[PDB]
Amino acid sequence: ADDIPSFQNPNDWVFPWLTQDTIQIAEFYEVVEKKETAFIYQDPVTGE
Amino acid sequence: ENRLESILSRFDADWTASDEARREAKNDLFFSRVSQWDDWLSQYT
Amino acid sequence: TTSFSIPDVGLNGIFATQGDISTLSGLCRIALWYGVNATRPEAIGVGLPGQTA
Amino acid sequence: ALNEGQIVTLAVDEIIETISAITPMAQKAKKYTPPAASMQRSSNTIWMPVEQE
Amino acid sequence: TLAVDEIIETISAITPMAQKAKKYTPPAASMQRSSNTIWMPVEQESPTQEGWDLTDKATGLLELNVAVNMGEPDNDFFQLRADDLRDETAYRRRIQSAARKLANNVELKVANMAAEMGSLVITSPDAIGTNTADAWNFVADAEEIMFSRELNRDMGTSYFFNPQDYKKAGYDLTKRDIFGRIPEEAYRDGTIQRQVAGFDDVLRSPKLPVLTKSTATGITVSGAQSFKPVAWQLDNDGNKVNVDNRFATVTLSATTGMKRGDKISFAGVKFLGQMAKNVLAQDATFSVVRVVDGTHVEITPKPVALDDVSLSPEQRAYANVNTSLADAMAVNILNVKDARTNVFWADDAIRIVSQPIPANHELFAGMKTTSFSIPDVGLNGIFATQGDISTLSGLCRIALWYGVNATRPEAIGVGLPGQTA
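As structure tokens, then:
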């Protein structure tokens, strides 16, 4: 928490407003599609 | 090569691509919610 | 024109290009408009070491 | 030997980075952004009040 | 008065040579850096010795190369004005006239390059209607010289007549007092045949250039000169720079009256068999490519001599002339009269290097650029338009970038009839 983060501020300086917040951070989601290993077990009850 | 470099390159591409639509949308939200008079150069002269 | 983002500092500029058909050339211009203003000079300070007469 | 063949010149596109700068001062300075076309080249000044004594 | 948009069509051209020549489009990214020139190797020739004890006699290797580069764009810049009603109907047809003009210009460049760099020369002492089957003899001479030199003709061969000599050949065919199938075709139409005397395509090309007579006389080689095959040489900085194989600079007594495209032949040198190195009975013929200085010229088939003793064996492997230049031999001129040329070649000797003009980039924003196909010939250029700051006007530019290269001047030929006087 000591290192205050900064990012591209998405808001604009609204002149008639006393106070605007100054802490910004970003959450970057990315999706990767790949072929991963899958195991075909045998069910001790029935089926696989 | 830096992971941050790649992330920020993608973010900069998207940010500069969706610029005018975002600013028009922000203008519409302000016009509809705060004030219909965004005449800020005047209003002070 | 289109927007142009700047690294490190959180500023946005403008990126414009133009094409000339006579000479088959192109101009590219990146412009950045900002102002660094010190609203409290009494709060800004300066340290000067080794100030011997 | 004397393989007096055909000579070319190669250019590889693995650049050699040489410059690496930092901007702590501009990162620490607070960035304010007026909306869209708030102020033009002619009039861009702004007057802000000072806390009353 | 009533203008009536009923176009009186007036011209109609054709571009056989340009539509027949091979086309090459090297990678643009590499050709930007390589100064718009690229190098291509040449088929290797091997020296040969016979004996049992060959110690200290092991030859090296040597592979020659040729350089192909490009010229300057050929544009059709013109200005379009709305509010005219005469620049409204004229523009639609100006675009088409521009396309036809560019195709014609490409064909003209191809024909001129072939005619002024064709090393093989077939000269005749009179016109074509002088004797019977004289046009056949004219074509068969070219075929015979190609066969004797043993030049690569797998891709094909082609002979282009001008209209005058094509008509003379047809007249010769019809005068025969016998009508089979060939005389009846040459009667009903002007065609002689699609294949004559072994060539795979015998056409007539209206834009064949005329090779003007040469007023060069009394010229001799100035000093003995030995030309050696090579693939590169050291520059002033110690770097190795490649060497073009299709040129040789000779020092003459006086190069007055010569010009680009003069056909010459030194007295005493003869063609070889290339592969077998057997001496032909024909005089070796060369073509003047450049008149540099006042006592030097640049002939296209480098005269590597067979009997040269300064040639290392792998260099002597490329010999195409029986004897070098002997410091006083007369250089005879083969084009003694003005004559429109008939041009024969192997189909893989002329190429048309092409490049794009990337005006669709983000840099050229504000001007609208599309592709533009040049008809007949297989070439693609740009068509760009951009309006003016005001006044409801515009500008149009149709551009095309190419370069006509003759990679095998020894395989390109020229036919000069009526070379008397």
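Chains as they are written, first to last, in the deposited numbering: chain A, 195 to 242; chain B, 5 to 49; chain C, 378 to 430; chain D, 2 to 54; chain E, 10 to 430. Yeah, the Cβ is synthetic: ideal placement off N, Cα and C, and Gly gets one too.
Going by beta-carbon coordinates alone, are residue i and residue j separated by less than 7 Å?
| i | j | result |
| --- | --- | --- |
| E:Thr224 | E:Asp347 | no |
| E:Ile391 | E:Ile361 | no |
| C:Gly403 | C:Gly412 | no |
| E:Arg162 | E:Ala355 | yes |
| C:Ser382 | B:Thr20 | yes |
| residue 5 of chain E | E:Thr416 | Given that chain E is displayed from residue 10 to residue 430, the structure contains no residue 5 of chain E and the question cannot be resolved. |
| E:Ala123 | D:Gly6 | no |
| E:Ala151 | E:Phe280 | no |
| E:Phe256 | E:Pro312 | no |
| E:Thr265 | E:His305 | no |
| E:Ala420 | E:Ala358 | yes |
| B:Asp23 | C:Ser380 | yes |
| E:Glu323 | E:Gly69 | yes |
| E:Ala368 | E:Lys216 | no |
| E:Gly424 | E:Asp135 | no |
| E:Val77 | E:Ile47 | yes |
| E:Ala314 | E:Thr229 | no |
| E:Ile407 | E:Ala144 | no |
| E:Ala293 | E:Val278 | yes |
Name the chain B residues whose beta carbon is nearer than 7 Å to that of residue i?
| i | result |
| --- | --- |
| D:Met40 | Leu45 |
Taking residue i as part of the alpha helix (DSSP H), name the residues at either end of that continuous run.
| i | result |
| --- | --- |
| D:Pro35 | D:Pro35 -> no alpha helix (DSSP H), and no H or E assigned at all. |
| B:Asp18 | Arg7 to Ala21 |
| E:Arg299 | Segment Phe295 to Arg299 is the beta strand (DSSP E) holding E:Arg299; no alpha helix (DSSP H) there. |
| E:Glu323 | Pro322 to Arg325 |
How would you write the range of the beta strand (DSSP E) that residue i sits in, first residue to last?
| i | result |
| --- | --- |
| E:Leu243 | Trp241 to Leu243 |
| E:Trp48 | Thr46 to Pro50 |
| E:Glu307 | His305 to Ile308 |
| E:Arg203 | Careful: E:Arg203 lies outside any beta strand (DSSP E) and carries neither H nor E. |
| E:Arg417 | Note, E:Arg417: premise wrong, no beta strand (DSSP E); not H, not E. |
| E:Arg213 | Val211 to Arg213 |
| E:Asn251 | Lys249 to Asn251 |
| E:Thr132 | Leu129 to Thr132 |
| E:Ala257 | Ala257 to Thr260 |
| E:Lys272 | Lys272 to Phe275 |
So what's residue i in DSSP terms, helix, strand or just coil?
| i | result |
| --- | --- |
| E:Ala314 | strand |
| E:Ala233 | coil |
| B:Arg26 | helix |
| E:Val345 | coil |
| E:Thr139 | helix |
| A:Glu227 | coil |
| E:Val330 | strand |
| A:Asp196 | coil |
| B:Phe35 | helix |
| D:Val9 | coil |
| E:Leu117 | helix |
| residue 328 of chain C | Residue coverage of chain C in this structure runs from 378 to 430, which leaves residue 328 of chain C outside it and unanswerable. |
Residue i touches chain D at which residues, Cβ-Cβ below 7 Å?
| i | result |
| --- | --- |
| A:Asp206 | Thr34, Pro35 and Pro36 |
| A:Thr216 | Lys31 |
| E:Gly403 | Going along chain D, no residue has its Cβ under 7 Å from E:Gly403, so there is no contact; the nearest lies around 30 Å. |
| E:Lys311 | Correct list: empty, because the minimum Cβ distance to chain D is about 16 Å. |
| E:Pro192 | Here the premise fails: no neighbours, minimum Cβ distance about 53 Å. |
| E:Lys249 | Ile8 |
Could you tell me which chain B residues have their CB closer than 8 Å to the CB of residue i, listed as they occur along the chain?
| i | result |
| --- | --- |
| C:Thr416 | Chain B residues near C:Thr416: none, gap ~18 Å exceeds 8 Å. |
| A:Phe233 | Under the 8 Å cutoff, chain B gives no residues; its nearest Cβ is about 31 Å from A:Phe233. |
In chain D, which residues lie with their C-beta within 9 Å of the C-beta of residue i?
| i | result |
| --- | --- |
| B:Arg27 | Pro36 and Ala37 |
| B:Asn31 | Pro36 and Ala37 |
| E:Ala240 | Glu5, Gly6, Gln7 and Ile8 |
Residue i versus chain A: which residues are under 7 Å apart at the beta carbon?
| i | result |
| --- | --- |
| B:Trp19 | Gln202 |
Interface residues of chain C around residue i at Cβ under 8 Å?
| i | result |
| --- | --- |
| E:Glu371 | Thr394 |
| B:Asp16 | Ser382 |
| E:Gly422 | In chain order: nothing, as chain C lies at least about 38 Å away. |
Find the residues of chain C that neighbour residue i, judging by a C-beta separation of less than 7 Å, and give them in chain order.
| i | result |
| --- | --- |
| D:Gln28 | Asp385 and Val386 |
| E:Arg406 | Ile398 |
List, in chain order, every chain E residue whose beta-carbon is nearer than 7 Å to that of residue i.
| i | result |
| --- | --- |
| D:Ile17 | Correct list: empty, because the minimum Cβ distance to chain E is about 18 Å. |
| D:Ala12 | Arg42 |
Residue i touches chain B at which residues, Cβ-Cβ below 9 Å?
| i | result |
| --- | --- |
| C:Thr379 | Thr20, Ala21, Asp23 and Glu24 |
| A:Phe222 | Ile11, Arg14 and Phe15 |
For residue i, which residues in chain D fall below 8 Å Cβ to Cβ?
| i | result |
| --- | --- |
| E:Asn74 | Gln7 |
Between residue i and the ligand HEM, is the CB less than 6 Å from at least one heavy atom?
| i | result |
| --- | --- |
| E:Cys405 | Of ligands this structure carries none, so the ligand HEM is not represented either. |
As an exercise, report each continuous alpha helix (DSSP H) stretch of at least 4 residues that is fully enclosed by the stretch 154 to 190 of chain E, in chain order. Runs of the alpha helix (DSSP H) inside the stretch 154 to 190 of chain E: 172 to 183.
For the stretch 56 to 115 of chain E, list the beta strand (DSSP E) runs that are entirely contained and at least 3 residues long, ordered along the chain. Along the length of the stretch 56 to 115 of chain E, whole beta strand (DSSP E) runs at least 3 residues long occupy 74 to 78, reported in chain order.
Within the stretch 351 to 402 of chain E, note down every full alpha helix (DSSP H) run reaching 4 residues or more, in order along the chain. Those alpha helix (DSSP H) runs which fall completely within the stretch 351 to 402 of chain E and span 4+ residues do not exist here.
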